[PDB]
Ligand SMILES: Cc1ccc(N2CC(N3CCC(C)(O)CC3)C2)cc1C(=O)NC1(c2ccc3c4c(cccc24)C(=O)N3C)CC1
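What follows is one chain in structure tokens, specifically the form deposited without the named molecule.
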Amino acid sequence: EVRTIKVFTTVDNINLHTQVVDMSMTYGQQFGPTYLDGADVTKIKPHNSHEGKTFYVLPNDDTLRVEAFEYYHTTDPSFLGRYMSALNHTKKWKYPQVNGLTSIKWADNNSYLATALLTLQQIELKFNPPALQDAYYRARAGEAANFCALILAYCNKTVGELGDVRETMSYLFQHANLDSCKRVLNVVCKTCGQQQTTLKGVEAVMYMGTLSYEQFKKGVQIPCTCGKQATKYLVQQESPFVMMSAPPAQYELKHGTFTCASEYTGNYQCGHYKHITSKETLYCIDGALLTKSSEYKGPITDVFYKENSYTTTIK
């Protein structure tokens, strides 16, 4: 009009798109929903200090649609808005190094994210979306704000919302390369006989029902459709880790028999997570807080174990 500045729009913060904006109109009137490092500036008119800065927008043409899918591996229409909304919060969190790992200082009910982030740094896992690759690299270095906002966006969780570690890990594992992972199970019923099943990928590394990998190898009791209790046990495992999950229950964690674990104190509407890692001793990381003990007992929900190749001796 009479007065303009040059800004750049983006969906991935790498590929920039030159724009000339009218300082008399809001960003929303010109771009649609618009964000400046997570802050919603849709209703704001351009400032002088905005010249040359990069703004996120929603993927509103074909070029941006392709850039956003290639970077994030999602076409959920609300993804970018939810990522920006989360980032406006996570950029204000603190990410202390605790016993050599990036943690998160407690804020905004984020304890499930802290133990998920701590867990990732202890298992062998490679992400597929460049957005996660790039943000996870930064998180390992201690700048985890973008990674944490992406976890929230990928899980369709908002800042402050109750989260579950197992479900969160499931979303992240969908976006990781677990194609090599393989699990063979056998289920034995004294009435019906035996039935083997093979699982691949994410389903090959997660199990819900018991925390103990050794018990999974010996056999766990599950219902059979005939009504009797059958025994399910692990026949073969090919993966760099496994994750064993269960409803929270008092459970004893022995030094040297697991990699790390999550503990949940509370109920189905309200609770708090802590992280336990087995190193030279047992360390309990609760956000920024750190304690140690030689033995540990608590309401454990998830335990992670190292693996490479396992074959049963059960005939």
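The first residue of the sequence shown is number 1, and the count goes up from there.
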Item to check | Higher-scoring stretch by recorded Cα B factor average, 222-230 or 90-98 | outcome: 222-230
Checklist outcome for this item: Between 268-276 and 22-30, the record assigns the higher mean Cα B factor to 22-30
Next on the checklist: Given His73, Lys190, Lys105, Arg138, identify the residue with the highest C-alpha B factor in the PDB entry.
Outcome noted: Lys190
Item to check | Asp179 by Cα B-factor - lowest, middle or highest third of the modelled chain | outcome: highest
Item to check | Assigned third (lowest, middle, highest) for the C-alpha B factor of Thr291 | outcome: lowest
Next on the checklist: Using the temperature factors of the C-alpha atoms in this entry, rank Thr197 within its chain: lowest, middle or highest third.
Outcome noted: highest
Checklist outcome for this item: Binned into thirds over the chain's modelled residues, the C-alpha B-factor of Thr168 lands in the lowest
Next on the checklist: Splitting the chain's C-alpha B-factors into thirds, which one does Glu214 fall into?
Outcome noted: highest
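Note that the form solved in complex with the named molecule isn't included here; everything after this is about it.
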Checklist outcome for this item: Of 30-38, 276-284, 243-251, 45-53, the segment with heavy atoms within 4.5 Å of the named molecule in the entry with it bound is residues 243-251
Checklist entry - Heavy atoms within 4.5 Å of the named molecule in the entry with it bound: does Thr301 have any? => result yes
Checklist entry - Is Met208 close enough to the named molecule in the entry with it bound to count, meaning some heavy atom within 4.5 Å? => result yes
Checklist entry - Could you tell me if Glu124 has a non-hydrogen atom within 4.5 Å of the named molecule in the entry with it bound? => result no
Next on the checklist: At 4.5 Å between heavy atoms, is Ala141 in contact with the named molecule in the entry with it bound?
Outcome noted: no
Item to check | Contacts with the named molecule in the entry with it bound, stretch 147-176 (heavy atom within 4.5 Å) | outcome: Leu162, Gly163, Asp164, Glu167
